[PDB]
Amino acid sequence: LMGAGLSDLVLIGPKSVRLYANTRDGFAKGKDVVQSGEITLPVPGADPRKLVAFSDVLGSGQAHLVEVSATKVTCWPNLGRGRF
Amino acid sequence: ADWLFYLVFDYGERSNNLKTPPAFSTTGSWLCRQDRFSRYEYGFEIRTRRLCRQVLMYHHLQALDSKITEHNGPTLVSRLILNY
Amino acid sequence: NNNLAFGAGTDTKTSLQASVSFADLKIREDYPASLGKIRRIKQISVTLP
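Protein chains in written order, with the entry's author numbering: chain W, 506 to 589; chain L, 254 to 337; chain G, 2372 to 2420.
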């Protein structure tokens, strides 16, 4: 989520994410990132009828948060540092 | 008025056919590409939705030559067509 | 019985209720009668996606 090529530790809630940056020897102090506007994020594992995963579906070179259901695919862009 | 040479990048704003040269000064919209894409590594969406269709070179012949009046526009001396 | 509504208690009016009829779930129909007629609930768990 830092966009550093490293895997950061994160917990996703619907309005915020708790992010611990990977500093390549351990992790950084966790930060709570509050999402802007009225953005609501999917929480993986929350609903058995849909897939929630981090993947690059825009082709930008960053994993984005993606929700796949029977009727649509919704992508929340990764703007870095836990911001969506 | 102050420059002798112009290099112009056309994003689909003016005709690129073989029947008439394009004018230096034109109007109208550019063309929107189908493979529109975005990038997020700078913390914001940067989105590309057009592409250069032709590159064309103009000379301010009025300024360069002698006995020239009217200043009707830079005159195309050559162009490059790009098809995609 | 198959409905959504707000409650009418004195401290439940802001409580959103959902109700269903067991009769309309057609659970019994899933298995043949010959396997027994006594069909009773042992446990219920709830998932809220």
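For each residue, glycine too, the CB sits at the ideal point set by N, CA and C.
(1) Can you tell me the Cα-Cα spacing of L516 (chain W) and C285 (chain L), whole angstroms?
(2) Roughly how many angstroms separate the alpha carbons of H569 (chain W) and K555 (chain W), rounded to a whole number?
(3) So which residues on chain W does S278 (chain L) lean against when the C-beta distance must stay under 8 Å?
(4) So that I know if they touch, is there some Cβ in chain L lying closer than 8 Å to that of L524 (chain W)?
(5) Is the number of C-beta pairs between the stretch 271-278 of chain L and the stretch 327-337 of chain L that are closer than 8 Å three or more?
(6) Restricting to Cα atoms, I'd like to know which of L:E294, L:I299, L:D318 is closest to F258 (chain L).
(7) Could you tell me the boundaries of the beta strand (DSSP E) in which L333 (chain L) lies?
(8) What are the boundary residues of the beta strand (DSSP E) that includes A316 (chain L)?
(9) Could you give the distance in angstroms between the alpha-carbon of residue 419 (chain L) and the alpha-carbon of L584 (chain W)?
(10) Expressed to the nearest angstrom, what Euclidean distance is found between the alpha-carbon atoms of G587 (chain W) and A2389 (chain G)?
On the basis of the supplied data:
(1) Stepping through the first sequence from its first residue, residue 516 (chain W) is reached at position 11. Stepping through the second sequence from its first residue, residue 285 (chain L) is reached at position 32. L516 (chain W) and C285 (chain L): Cα-Cα distance of roughly 39 Å.
(2) By one-based count along the first sequence, residue 569 (chain W) stands at place 64. By one-based count along the first sequence, residue 555 (chain W) stands at place 50. Whole-angstrom Cα-Cα distance: 16 Å.
(3) In the second sequence, the residue the question calls residue 278 (chain L) occupies position 25. Those do not exist, as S278 (chain L) stays about 36 Å from chain W at its closest Cβ, beyond 8 Å.
(4) Residue 524 (chain W) sits at position 19 when you count from the first residue of the first sequence. No, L524 (chain W) does not count as interfacial toward chain L.
(5) yes
(6) Position 5 of the second sequence, counted from the first residue, corresponds to residue 258 (chain L). Among L:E294, L:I299, L:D318, the Cα nearest to that of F258 (chain L) belongs to L:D318.
(7) As a first step, residue 333 (chain L) is located in the second sequence; it is residue number 80 there, counting from the start. Its beta strand (DSSP E) spans residues 328-334.
(8) One-based indexing of the second sequence puts residue 316 (chain L) at position 63. Premise fails: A316 (chain L) lies in the alpha helix (DSSP H), 314-317, not in any beta strand (DSSP E).
(9) In the structure as shown, chain L starts at 254 and stops at 337, and residue 419 (chain L) therefore has no counterpart that could be examined.
(10) Residue mapping note: residue 587 (chain W) aligns to position 82 of the first sequence, counting from 1. Residue mapping note: residue 2389 (chain G) aligns to position 18 of the third sequence, counting from 1. For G587 (chain W) and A2389 (chain G), the distance between alpha carbons rounds to 36 Å.
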